[PDB]
Amino acid sequence: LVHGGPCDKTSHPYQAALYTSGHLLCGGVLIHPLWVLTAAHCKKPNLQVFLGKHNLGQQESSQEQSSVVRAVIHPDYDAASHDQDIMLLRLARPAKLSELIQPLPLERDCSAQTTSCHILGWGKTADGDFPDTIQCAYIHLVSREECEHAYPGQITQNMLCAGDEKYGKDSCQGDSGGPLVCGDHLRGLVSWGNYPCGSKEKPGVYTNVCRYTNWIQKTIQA
Ligand SMILES: N=C(N)c1ccc([C@@H]2Cc3ccccc3B(O)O2)cc1
Numbered sequence: 215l216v217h218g219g220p221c222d223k224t225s226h227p228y229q230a231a232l233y234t235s236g237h238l239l240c241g242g243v244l245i246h247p248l249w250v251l252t253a254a255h256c257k258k259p260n261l262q263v264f265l266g267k268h269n270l271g272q273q274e275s276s277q278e279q280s281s282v283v284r285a286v287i288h289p290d291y292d293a294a295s296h297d298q299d300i301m302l303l304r305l306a307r308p309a310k311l312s313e314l315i316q317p318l319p320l321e322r323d324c325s326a327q328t329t330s331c332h333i334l335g336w337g338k339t340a341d342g343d344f345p346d347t348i349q350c351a352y353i354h355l356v357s358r359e360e361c362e363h364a365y366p367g368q369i370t371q372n373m374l375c376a377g378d379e380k381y382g383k384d385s386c387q388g389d390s391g392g393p394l395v396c397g398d399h400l401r402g403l404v405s406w407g408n409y410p411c412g413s414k415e416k417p418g419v420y421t422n423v424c425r426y427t428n429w430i431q432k433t434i435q436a
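Numbering (our numbering), first residue to last: 215 to 436.
This is how it looks when you write it as structure tokens:
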């Protein structure tokens, strides 16, 4: 996350860290003791999910670990266009809940007009380095028209755009699958965006979670 700052250790209990080959690949969202919601482009071999983490460089008393039993990619995910970029991860071991491990409620209502959001993760910071401490930033939901102009013919109804014209607060490499939180509900998933990271002109693109209400439930019920 570029142009943000360290999160408060207690303000992100739903945050997941996804590892592959000994390094952080993506973020994720705990939405159920058995399920982490992430981006479909985060599918990599032998994913290890870490819950209750704040500082990646140190073993913490609150952290929990789990292998993936089943990675469920949306049937209509299109890798070339990033459309329907959502994946459900079934945890091998259900998450042991505490004050630092809790699921985030999803936004079911597509009509919701809360523009004031926040992003978080352990992705590349302004200096081009990967932080050990989780980063936060307040960003705003950009218009469909503004996004459509920034990325011609690449924005679908399954995508949301959020940024900050003021300082260019954006998600970055390593923040993918992570949350876009609006009104203490999951509004989006870090999907893709401008390179180098920065939303001063071209906003960050997020999977639009409200559209997947039915598929999520149907997957968890299976
Ligand atoms: N809004 C942006 N500027 C933005 C955010 C996240 C990404 C990557 C995409 C990715 C690809 C492959 C593996 C992981 C990721 B991810 O963590 O972030 C790229 C751009």
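Where is the CB? At the ideal position from N, CA and C, for every residue including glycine.
Here's a check: name, in chain order, each residue in its chain whose Cβ is nearer than 6 Å to the Cβ of residue i, leaving out the five neighbours to either side.
i           : result
residue 291 : 254 and 298
residue 267 : 231 and 277
residue 406 : 296 and 419
residue 223 : 268
residue 370 : 297
residue 271 : 346
residue 242 : 230, 232, 250, 252 and 391
residue 389 : 215, 241, 335, 337 and 404
My output table needs one value for residue i: the three-state DSSP class, helix, strand or coil.
i           : result
residue 363 : helix
residue 224 : coil
residue 408 : coil
residue 428 : helix
residue 268 : coil
residue 253 : coil
Name the DSSP bridge partner or partners of residue i?
i           : result
residue 299 : None, per the DSSP bridge assignment.
residue 384 : 216
residue 393 : 403
residue 433 : Its beta-bridge partners do not exist; DSSP assigns none.
residue 307 : According to DSSP, residue 307 bridges with nothing at all.
residue 292 : 297
residue 418 : 376
residue 276 : DSSP lists no partner for residue 276.
residue 245 : DSSP, once it has assigned bridges, lists no residue as partnering residue 245.
residue 263 : 232 and 280
residue 423 : Answer is none; residue 423 lacks a bridge partner.
residue 238 : 233
Leaving aside the five residues before and after residue i along the sequence, list all residues of the same chain whose C-beta is less than 8 Å from its C-beta, in chain order.
i           : result
residue 376 : 331, 333, 353, 354, 355, 356, 394, 402, 413, 417, 418 and 420
residue 431 : none
residue 358 : 369 and 375
residue 214 : Residue 214 cannot be examined here, being either before or after the span of the chain that is shown, 215 to 436.
residue 434 : 246, 248, 249 and 302
Counting C-beta neighbours from all protein chains within 10 Å, is the total for residue i 16 or more, i.e. buried, or is it exposed?
i           : result
residue 240 : buried
residue 183 : There is no way to answer for residue 183, as the model of the chain reaches only from 215 to 436.
residue 308 : exposed
residue 327 : exposed
residue 409 : exposed
residue 226 : buried
residue 415 : exposed
residue 304 : buried
residue 321 : buried
residue 283 : exposed
residue 384 : buried
residue 329 : exposed
Tell me which same chain residues have a C-beta within less than 7 Å of the C-beta of residue i, skipping the five on either side of it?
i           : result
residue 262 : 233, 279 and 281
Would you verify that the beta carbon of residue i is, or is not, closer than 7 Å to some beta carbon of chain B?
i           : result
residue 252 : Looking at the structure shown, chain B is missing, and only one protein chain is on hand.
Only counting runs of 3 or more residues, tell me where the beta strand (DSSP E) segments fall wholly within the segment 310-378, in order along the chain. 330-335, 349-356 and 373-377
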